[PDB]
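Here's the structure we're looking at; comments come further down.
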Amino acid sequence: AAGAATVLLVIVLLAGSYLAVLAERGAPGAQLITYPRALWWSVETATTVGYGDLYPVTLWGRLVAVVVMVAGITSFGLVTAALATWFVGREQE
Amino acid sequence: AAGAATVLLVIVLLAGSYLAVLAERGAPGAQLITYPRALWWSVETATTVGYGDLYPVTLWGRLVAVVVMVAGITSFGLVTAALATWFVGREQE
Amino acid sequence: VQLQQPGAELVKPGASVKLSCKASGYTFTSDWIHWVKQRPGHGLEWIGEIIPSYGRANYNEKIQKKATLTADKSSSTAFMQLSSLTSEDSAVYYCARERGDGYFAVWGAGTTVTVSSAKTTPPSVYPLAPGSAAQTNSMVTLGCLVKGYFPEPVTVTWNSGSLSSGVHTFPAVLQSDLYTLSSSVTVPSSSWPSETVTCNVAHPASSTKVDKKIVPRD
Amino acid sequence: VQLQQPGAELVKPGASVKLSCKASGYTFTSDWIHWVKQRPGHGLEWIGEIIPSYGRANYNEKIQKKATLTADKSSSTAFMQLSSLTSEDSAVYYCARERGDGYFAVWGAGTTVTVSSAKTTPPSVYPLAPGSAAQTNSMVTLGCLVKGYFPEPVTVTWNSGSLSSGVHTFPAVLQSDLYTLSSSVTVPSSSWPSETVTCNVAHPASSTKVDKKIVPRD
Amino acid sequence: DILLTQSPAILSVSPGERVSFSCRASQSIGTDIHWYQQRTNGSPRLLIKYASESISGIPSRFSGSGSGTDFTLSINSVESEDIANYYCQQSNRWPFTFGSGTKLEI
Amino acid sequence: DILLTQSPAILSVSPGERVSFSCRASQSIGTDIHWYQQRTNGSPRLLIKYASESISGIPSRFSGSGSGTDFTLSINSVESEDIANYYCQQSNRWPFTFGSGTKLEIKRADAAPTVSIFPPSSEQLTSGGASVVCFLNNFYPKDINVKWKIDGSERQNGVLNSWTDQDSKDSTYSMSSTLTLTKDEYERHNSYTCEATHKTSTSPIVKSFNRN
Ligand SMILES: [Ba+2]
Ligand SMILES: [K+]
């Protein structure tokens with residue numbers, strides 16, 4: 824609701840960032856391997872952007888990626904709803 | 824509805840993955856040619872992400888791709904709706 | 374045997390030929406069947422794939438497209454039609470079963486195609502037992518001689534494969550449109566002739582297999 | 374000392390060995406522990422990482438995978454098991470603590486592994502004071518001689534480190550399965566023997582450290 | 042058509058000793074390389090798949106290394122039964138290609 | 122495996138003067154390179170992280186430059202305490218790799234060796250041996266020609282030399298020379314000398330001692 828679907832997105836993005844490094848380390852070639860840029864990747868994913876910076880290459884890496892999209896795109900399909908209603912009515916009055 | 828628009832997305836993603844390999848094999852250069860990564864591509868497509876990993880190059884390949892976007896983006900424009908309502912009310916109570 | 378294909382074929386120059394590949398085991402909806410060609414002493418030349426279920430085939434861009442692929446969905450056998458051949462088109466021809474994930478897990482034994490106008494001759498096996506006065510070392514060497522066959526190849530076996538230790542089958546030689554090779558084997562002089570030793574020579578191209586025991590000189 | 378690992382080990386060829394790395398300081402959920410190997414006079418060969426909390430380990434693709442990593446989440450100590458060794462597998466072995474952001478902030482001191490069948494001998498320290506008639510320059514040079522130890526290494530110190538100015542410890546030499554080195558120091562001839570000067574020789578492999586004061590010739 | 046290039050052409054070695062055939066692709070293919078062993082008179086036979094993973098029923102001497110454009114089959118020790126031609130075959134972009142081949146001498 | 126290539130292998134320079142080790146990656150890695158200093162006998166030690174940023178507790182002489190495939194460690198001035206091997210280690214794609222290494226030499230003013238001759242300790246003879254040690258300390262360049270003599274005559278055997286890597290207080294070299302014999306043999310000679318012909322000294326520097 825208010826700042827609720829917000830919080831779940833944050834749990835998803837941290838754990839997603841975390842699990843990606845665990846899943847991607849060990850596969851030769853992957854650049855999704857340090858906790859910083861792994862987090863930026865999970866934003867890049869939870870939010871449709873597709874910049875082509877980082878992406879997974881292992882199987883378990885893509886699975887962690889799917890978990891983010893669903894749990895993200897849904898959260899963000901609700902977080903921007905809140906922002907919309909909020910500031911639009913705010914500026915109305 | 825409940826877990827219904829879910830199922831259609833899965834039919835779309837499997838068949839889409841399947842037909843892509845059939846359509847893309849034979850064109851020199853395409854990397855969309857093995858049933859595994861063909862499936863990951865169809866997620867990558869049904870869900871706006873645009874990571875730049877795989878994409879089609881034949882004409883029939885792009886057509887299979889369009890079928891996924893429509894049948895996907897619509898399914899996923901409904902699958903995340905379910906998830907949203909579900910867990911948000913769940914956590915409300 | 375998983376992938377199964379015939380032994381050898383003979384084509385007149387300019388004529389056509391079909392080639393088979395029957396696959397016991399699974400016959401998945403999603404399986405593909407490939408064909409690879411191996412000219413003697415060369416690499417592996419990929420020719421083309423075919424998905425037998427759905428029916429589509431894709432051939433090699435670069436090569437002279439002499440071939441066309443087919444299948445039999447209710448027999449689990451796939452075919453390849455080579456049309457109008459030269460002797461540049463003589464090689465081994467394998468088939469391979471690719472699961473759809475991009476490697477050739479299972480291979481056939483390979484078919485040996487020989488494009489020539491010479492005729493088909495069966496082989497002439499002769500035994501090769503030692504002389505009547507050759508001092509018997511602990512091991513004893515003895516073989517048989519397969520002479521005058523066309524076309525290649527011939528499978529040579531010893532006691533039908535039961536004795537496969539100490540065997541060297543030699544390359545064939547060519548002479549006036551007929552081949553010739555020899556095979557060898559080594560047994561303990563204790564265990565022969567007190568055990569019997571025979572050499573079997575299958576020749577797929579003529580559909581003739583012939584046995585010959587290597588007795589002493591009676 | 375942040376990362377802490379033992380001094381030196383001796384393995385018979387073909388035998389195994391474990392290696393430790395106990396880390397005081399923080400022990401983060403997200404920390405990784407790596408190991409790097411340094412054959413004498415060579416680069417830094419990365420072997421493999423391990424996240425001690427979650428438990429997973431990843432080894433080096435290219436090298437002969439002789440090793441296997443472990444940890445102790447309620448002791449803050451990590452281990453590496455090297456199995457079946459040769460003398461190609463003798464080197465220094467560091468551990469490193471990578472925060473998760475991709476560099477080795479903290480390093481251990483390094484363990485010296487020596488794969489041989491020769492036996493372990495402690496060292497024999499002898500003092501090295503000048504002759505009874507050597508004109509005393511302003512500074513005076515004097516050392517001690519560590520002879521006949523196996524295996525490497527030995528830590529040499531002077532007055533237990535309090536005097537660390539003018540010191541050169543020399544490389545060891547090998548001879549009939551025993552080593553030998555020497556160390557040097559220089560003090561003002563005013564301040565000696567009116568101040569006392571001792572050399573301490575720790576030898577980790579045998580667990581023997583030995584002191585020796587460098588008196589004049591009494 | 043992707044160019045797979047196996048150098049060297051032939052490989053001498055003494056028994057029981059590590060050996061590494063190299064392969065090198067004309068561009069980046071990731072990990073989609075696969076190794077096949079083919080002896081005299083015999084059909085080829087998969088060894089390492091997807092450049093690192095192993096096949097069930099293959100001697101553990103065979104070690105799959107490499108990624109990108111550099112690739113390495115490796116045999117941790119050698120014995121006389123390994124004398125054969127070795128091929129690599131990419132699957133990253135159509136069509137599947139093969140290497141030149143590399144024979145192993147002792 | 123990403124290939125890091127440090128050229129050149131070795132680096133001469135005179136004190137107080139800028140120096141730049143180059144590193145070059147087999148492909149683009151961005152800024153995910155890191156530099157480590159490792160001296161003789163010591164463990165490595167981070168210097169520059171993420172190719173430009175500095176570590177807290179590092180002399181400000183060290184300047185992190187570069188991006189892409191070209192990378193440069195740089196020392197705005199040099200002093201003798203910097204003599205070490207230097208490594209780069211990428212973190213952009215699995216697995217983390219390392220460079221070949223680059224060692225840093227210093228051209229300095231030539232200096233003559235301090236010679237010291239040492240008779241075998243009283244303790245050492247009591248077992249069954251006597252070794253004469255001779256220290257050549259703090260010379261430059263590292264090319265020095267030691268020489269033993271027993272009673273004026275030259276002994277070519279049972280000698281063990283040892284050269285230190287270039288020291289990192291002064292940029293000078295040092296060398297030892299054990300003289301292995303037996304106690305029995307030590308007793309039936311009287312004198313032992315130690316001659317060192319070095320670049321600075323056409324006249325060879327000599328030191329000796331007599332038991333009697
Ligand atoms: Ba989008
Ligand atoms: K994109």
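As they're listed, the protein sequences go chains E, D, X, L, H and G. If you use my numbering, the first sequence corresponds to residues 824 to 916, in order. If you use my numbering, the second sequence corresponds to residues 824 to 916, in order. If you use my numbering, the third sequence corresponds to residues 374 to 591, in order. If you use my numbering, the fourth sequence corresponds to residues 374 to 591, in order. If you use my numbering, the fifth sequence corresponds to residues 42 to 147, in order. If you use my numbering, the sixth sequence corresponds to residues 122 to 333, in order. Don't be surprised by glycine CBs; every beta carbon is placed ideally from N, CA and C.
Asked	Found
Spatially closest choice to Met296/G from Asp305/G, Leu302/G, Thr303/G and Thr285/G, by CA coordinates	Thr285/G
Residues that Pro500/X bridges to, as DSSP identifies them	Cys517/X
Inter-stretch contact (C-beta, 8 Å, three-pair minimum) for the region 183–193 of chain G and the region 266–273 of chain G	no
Alpha carbon of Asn258/G to alpha carbon of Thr126/G, nearest angstrom	35 Å
The region 888–908 of chain E in contact with the region 828–842 of chain E per 3-pair CB rule at 8 Å	yes
Cutoff 8 Å: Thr903/E Cβ touching any chain D Cβ	no
Exercise answer, beta-carbon shell around ligand 2 heavy atoms below 7 Å	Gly873/E, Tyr874/E, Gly875/E, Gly873/D, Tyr874/D and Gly875/D
Per-residue DSSP class, three states only, for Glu174/G	strand
Closest by C-alpha distance to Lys492/L, when choosing among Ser456/L, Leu551/L and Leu536/L	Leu551/L
Span separating the alpha-carbon of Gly151/G from that of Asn433/L	23 Å
Minimum C-alpha distance to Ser121/H - residue among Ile99/H, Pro56/H and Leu114/H	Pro56/H
Endpoints, the beta strand (DSSP E) within which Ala478/X is located	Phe477 to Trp480
C-beta neighbour in chain L for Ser93/H, strict 8 Å	yes
Spatial neighbours of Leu877/E in its chain, beta-carbon cut-off 8 Å, leaving aside the 5 residues before and after	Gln854, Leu855, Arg860, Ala861, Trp863, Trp864 and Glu867
Chain X contact for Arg885/D (CB, 8 Å cutoff)	no
Top-ranked residue by Cα proximity to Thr402/L, from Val583/L, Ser389/L and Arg472/L	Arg472/L
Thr459/L beta carbon near ligand 1 (any heavy atom closer than 7 Å)	no
Contacts of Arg848/E in chain L (Cβ-Cβ under 9 Å)	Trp405, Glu422, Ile424, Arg429 and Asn431
Ligand 1 heavy atom lying under 7 Å from the CB of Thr908/D	no
Of the residues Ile420/X, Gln411/X, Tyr467/X and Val384/X, the one placed nearest residue 320/X, counting alpha carbons only	There is simply no residue 320/X to check, as chain X begins at 374 and stops at 591 in what is shown.
Sequence-distant residues of the same chain with beta carbon closer than 8 Å to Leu845/D, five excluded per side	none
Cutoff 8 Å: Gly852/D Cβ touching any chain H Cβ	yes
Neighbourhood of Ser490/L by C-beta, 7 Å cutoff - its chain only, sequence neighbours within 5 removed	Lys385 and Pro386
7 Å Cβ cut-off: residues of chain H touching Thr857/D	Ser132
Chain-ordered chain X contacts of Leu845/D [CB-CB under 9 Å]	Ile424, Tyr427 and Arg429
Straight-line Cα distance separating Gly416/X from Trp135/H	19 Å
Proximity test, Cβ basis, 8 Å: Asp445/L and chain E	no
Proximity test, Cβ basis, 8 Å: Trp135/H and chain D	yes
Residue range of the unbroken beta strand (DSSP E) whose run includes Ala440/L	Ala440 to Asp445
Cross-strand partners of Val583/L (DSSP beta bridge)	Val574/L
For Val902/E, the nearest candidate out of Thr870/E, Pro879/E and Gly884/E (CA to CA)	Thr870/E
Any C-beta of chain G under 8 Å from that of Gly516/L	yes
Residue-chain proximity (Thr143/H, chain B), Cβ-Cβ < 8 Å	The structure shown contains no chain B; its protein chains are E, D, X, L, H and G.
Contacts that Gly839/E makes with chain D (C-beta to C-beta distance below 8 Å)	Within chain D, no residue comes near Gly839/E; the closest Cβ sits about 14 Å away, beyond 8 Å.
Nearest to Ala66/H (by Cα), restricted to the options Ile43/H, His75/H and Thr81/H	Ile43/H
Ligand 4 heavy atom lying under 7 Å from the CB of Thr400/L	The model on display carries ligand 1 and ligand 2 but not ligand 4.
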